[PDB]
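J.: My structure is in query.pdb, and what it holds is PDB, C-alpha atoms (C1' of nucleotides):
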ATOM      1  CA  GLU J   1      10.107  86.963   0.808  1.00  0.00           C
ATOM      2  CA  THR J   2      10.917  90.025  -1.341  1.00  0.00           C
ATOM      3  CA  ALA J   3      11.913  87.887  -4.338  1.00  0.00           C
ATOM      4  CA  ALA J   4      10.938  89.273  -7.730  1.00  0.00           C
ATOM      5  CA  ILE J   5       7.734  87.897  -9.249  1.00  0.00           C
ATOM      6  CA  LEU J   6       8.266  86.437 -12.717  1.00  0.00           C
ATOM      7  CA  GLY J   7       4.550  86.512 -13.509  1.00  0.00           C
ATOM      8  CA  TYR J   8       1.025  85.534 -12.549  1.00  0.00           C
ATOM      9  CA  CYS J   9      -0.677  82.273 -13.547  1.00  0.00           C
ATOM     10  CA  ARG J  10      -4.418  82.338 -12.771  1.00  0.00           C
ATOM     11  CA  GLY J  11      -3.738  84.912 -10.063  1.00  0.00           C
ATOM     12  CA  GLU J  12      -0.882  82.931  -8.481  1.00  0.00           C
ATOM     13  CA  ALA J  13       2.574  84.501  -8.342  1.00  0.00           C
ATOM     14  CA  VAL J  14       5.341  82.425  -9.947  1.00  0.00           C
ATOM     15  CA  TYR J  15       8.715  82.525  -8.192  1.00  0.00           C
ATOM     16  CA  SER J  16      12.164  81.364  -9.240  1.00  0.00           C
ATOM     17  CA  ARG J  17      13.121  77.780  -8.431  1.00  0.00           C
ATOM     18  CA  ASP J  18      16.445  78.768  -6.809  1.00  0.00           C
ATOM     19  CA  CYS J  19      14.684  80.306  -3.815  1.00  0.00           C
ATOM     20  CA  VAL J  20      13.884  77.142  -1.855  1.00  0.00           C
ATOM     21  CA  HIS J  21      15.567  76.839   1.540  1.00  0.00           C
ATOM     22  CA  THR J  22      15.246  74.281   4.319  1.00  0.00           C
ATOM     23  CA  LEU J  23      15.604  74.124   8.112  1.00  0.00           C
ATOM     24  CA  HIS J  24      16.061  71.605  10.928  1.00  0.00           C
ATOM     25  CA  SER J  25      14.177  70.479  14.021  1.00  0.00           C
ATOM     26  CA  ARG J  26      15.487  70.535  17.583  1.00  0.00           C
ATOM     27  CA  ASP J  27      16.251  66.807  17.405  1.00  0.00           C
ATOM     28  CA  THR J  28      18.196  67.389  14.180  1.00  0.00           C
ATOM     29  CA  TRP J  29      20.219  70.139  15.872  1.00  0.00           C
ATOM     30  CA  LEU J  30      20.860  67.768  18.784  1.00  0.00           C
ATOM     31  CA  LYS J  31      22.340  65.218  16.375  1.00  0.00           C
ATOM     32  CA  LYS J  32      24.529  68.046  15.024  1.00  0.00           C
ATOM     33  CA  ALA J  33      25.927  68.664  18.546  1.00  0.00           C
ATOM     34  CA  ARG J  34      23.827  71.822  18.935  1.00  0.00           C
ATOM     35  CA  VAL J  35      21.210  72.803  21.521  1.00  0.00           C
ATOM     36  CA  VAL J  36      18.303  75.167  20.887  1.00  0.00           C
ATOM     37  CA  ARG J  37      18.423  78.162  23.219  1.00  0.00           C
ATOM     38  CA  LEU J  38      15.718  78.200  25.881  1.00  0.00           C
ATOM     39  CA  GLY J  39      12.690  80.357  25.126  1.00  0.00           C
ATOM     40  CA  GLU J  40      13.433  80.755  21.416  1.00  0.00           C
ATOM     41  CA  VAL J  41      10.369  80.948  19.179  1.00  0.00           C
ATOM     42  CA  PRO J  42      10.600  78.390  16.334  1.00  0.00           C
ATOM     43  CA  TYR J  43      11.309  80.074  13.015  1.00  0.00           C
ATOM     44  CA  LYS J  44       9.083  77.873  10.828  1.00  0.00           C
ATOM     45  CA  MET J  45       5.974  75.827  11.650  1.00  0.00           C
ATOM     46  CA  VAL J  46       5.130  72.933   9.317  1.00  0.00           C
ATOM     47  CA  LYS J  47       3.069  69.765   9.532  1.00  0.00           C
ATOM     48  CA  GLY J  48       5.361  67.092  10.924  1.00  0.00           C
ATOM     49  CA  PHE J  49       5.627  63.505   9.722  1.00  0.00           C
ATOM     50  CA  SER J  50       6.424  61.886  13.079  1.00  0.00           C
ATOM     51  CA  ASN J  51       4.448  58.822  14.134  1.00  0.00           C
ATOM     52  CA  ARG J  52       3.328  60.518  17.355  1.00  0.00           C
ATOM     53  CA  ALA J  53       1.975  63.463  15.362  1.00  0.00           C
ATOM     54  CA  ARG J  54       0.532  61.106  12.736  1.00  0.00           C
ATOM     55  CA  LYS J  55      -1.473  59.243  15.383  1.00  0.00           C
ATOM     56  CA  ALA J  56      -2.624  62.556  16.871  1.00  0.00           C
TER
ATOM     57  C1'  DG S   1      -9.305  67.753 -14.001  1.00  0.00           C
ATOM     58  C1'  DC S   2     -10.833  63.508 -11.178  1.00  0.00           C
ATOM     59  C1'  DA S   3     -10.634  58.791  -9.225  1.00  0.00           C
ATOM     60  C1'  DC S   4      -7.956  54.227  -8.650  1.00  0.00           C
ATOM     61  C1'  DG S   5      -3.836  51.305  -7.889  1.00  0.00           C
ATOM     62  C1'  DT S   6       0.538  51.229  -5.602  1.00  0.00           C
ATOM     63  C1'  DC S   7       4.879  52.370  -2.488  1.00  0.00           C
ATOM     64  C1'  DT S   8       6.184  53.555   1.900  1.00  0.00           C
ATOM     65  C1'  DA S   9       6.318  55.175   7.123  1.00  0.00           C
ATOM     66  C1'  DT S  10      11.073  60.556  12.671  1.00  0.00           C
ATOM     67  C1'  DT S  11       8.971  55.507  20.052  1.00  0.00           C
ATOM     68  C1'  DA S  12       3.884  51.390  22.270  1.00  0.00           C
ATOM     69  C1'  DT S  13       1.822  46.646  23.915  1.00  0.00           C
ATOM     70  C1'  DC S  14       1.872  41.814  25.226  1.00  0.00           C
ATOM     71  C1'  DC S  15       3.735  36.586  26.758  1.00  0.00           C
ATOM     72  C1'  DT S  16       6.961  34.812  30.639  1.00  0.00           C
ATOM     73  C1'  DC S  17      10.246  34.946  35.903  1.00  0.00           C
ATOM     74  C1'  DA S  18      10.566  34.943  41.624  1.00  0.00           C
ATOM     75  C1'  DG S  19       9.923  32.254  48.630  1.00  0.00           C
ATOM     76  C1'  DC S  20       6.748  30.359  52.081  1.00  0.00           C
ATOM     77  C1'  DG S  21       2.368  27.858  53.590  1.00  0.00           C
ATOM     78  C1'  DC S  22      -1.241  24.550  52.358  1.00  0.00           C
ATOM     79  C1'  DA S  23      -2.461  20.283  50.265  1.00  0.00           C
ATOM     80  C1'  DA S  24      -0.906  16.014  47.861  1.00  0.00           C
ATOM     81  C1'  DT S  25       2.023  11.738  48.239  1.00  0.00           C
ATOM     82  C1'  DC S  26       4.599   7.781  49.939  1.00  0.00           C
ATOM     83  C1'  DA S  27       6.704   4.547  53.926  1.00  0.00           C
ATOM     84  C1'  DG S  28       5.678   2.003  57.566  1.00  0.00           C
ATOM     85  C1'  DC S  29       2.473  -0.402  60.439  1.00  0.00           C
ATOM     86  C1'  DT S  30      -1.833  -2.890  61.152  1.00  0.00           C
ATOM     87  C1'  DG S  31      -6.596  -5.305  60.377  1.00  0.00           C
ATOM     88  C1'  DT S  32      -9.409  -8.952  58.045  1.00  0.00           C
ATOM     89  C1'  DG S  33     -10.411 -12.684  55.654  1.00  0.00           C
ATOM     90  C1'  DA S  34      -8.766 -16.851  53.379  1.00  0.00           C
ATOM     91  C1'  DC S  35      -4.878 -20.234  51.727  1.00  0.00           C
ATOM     92  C1'  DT S  36      -1.365 -23.438  52.803  1.00  0.00           C
ATOM     93  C1'  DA S  37       2.177 -26.382  54.717  1.00  0.00           C
ATOM     94  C1'  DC S  38       4.559 -28.949  58.774  1.00  0.00           C
ATOM     95  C1'  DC S  39       4.473 -31.205  63.423  1.00  0.00           C
ATOM     96  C1'  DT S  40       2.345 -33.141  67.633  1.00  0.00           C
TER
END
Turn the structure described in the file into C-alpha cells.
T.:
Amino acid sequence: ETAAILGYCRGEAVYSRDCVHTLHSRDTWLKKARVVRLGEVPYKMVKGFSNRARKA
DNA sequence: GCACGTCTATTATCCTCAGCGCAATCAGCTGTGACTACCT
C-alpha cells in the first residue's frame, strides 16, 4: 500500500503495473491440500462470481 | 463519453420404481325357448 505514486490523473493516483497480487479462497486452499485455520479473519473481501452468490 | 451487439457462466428441480386388498374376469353349470332327427 506504500507504493510510490507516479502521478495524478484527474485526481486519481497512478501506480506501477508490477504491483498487482492475487489470493485464493478457502475452497482453492482445500484443493491445494491446505485448510484455513479456524477463526481467521479473511484477508481480502471481493465480490464473488459463484452461482449461489450470483442468484443472491 | 454513451449505448448496442455479442460471448460466456465456481451446486437445484422434475419424470419414474415398490406388497396387499378390492374389484374385474373367466369356467362351469343351468334355464328358456325353438329346431331337428329317429323309433314305437
J.: Which residues of chain S come within 10 Å of chain J, and what is each one's closest atom pair and distance in Å (one decimal), counting all atoms listed in the file, sorted by chain and residue number, as JSON lines?
T.:
{"residue": "S:9", "atom": "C1'", "partner": "J:51", "partner_atom": "CA", "distance": 8.1}
{"residue": "S:10", "atom": "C1'", "partner": "J:50", "partner_atom": "CA", "distance": 4.9}
{"residue": "S:11", "atom": "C1'", "partner": "J:52", "partner_atom": "CA", "distance": 8.0}
J.: Could you please determine the separation between atom CA of residue J:13 and atom CA of residue J:1 in Å, to one decimal place?
T.: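 Separation between atom CA of residue J:13 and atom CA of residue J:1: 12.1 Å.
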J.: So how far away is atom CA of residue J:22 from atom CA of residue J:44, in Å?
T.: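 These two atoms are separated by 9.7 Å.
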J.: From the set J:39, J:31, J:21, J:15, which residue has the shortest atom-to-atom contact distance to residue J:2, counting only C-alpha atoms?
T.: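 With only C-alpha atoms as the atom set, the closest residue is J:15.
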J.: Name the residues that the PyMOL selection byres ((chain J and resi 16) around 9) picks from the file above, as an NGL selection string, using the file's chain letters and numbers.
T.: :J and (3-6 or 14-15 or 17-20)
J.: Calculate how many Å separate atom CA of residue J:47 from atom CA of residue J:25, rounding to one decimal.
T.: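 Between these atoms lies a distance of 12.0 Å.
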J.: Mind giving me the axis-aligned box for stretch 25-41 of chain J with 8 Å on every side, centre plus edges in Å to one decimal, as JSON?
T.:
{"center_x": 18.1, "center_y": 73.1, "center_z": 20.0, "size_x": 31.6, "size_y": 31.7, "size_z": 27.9}
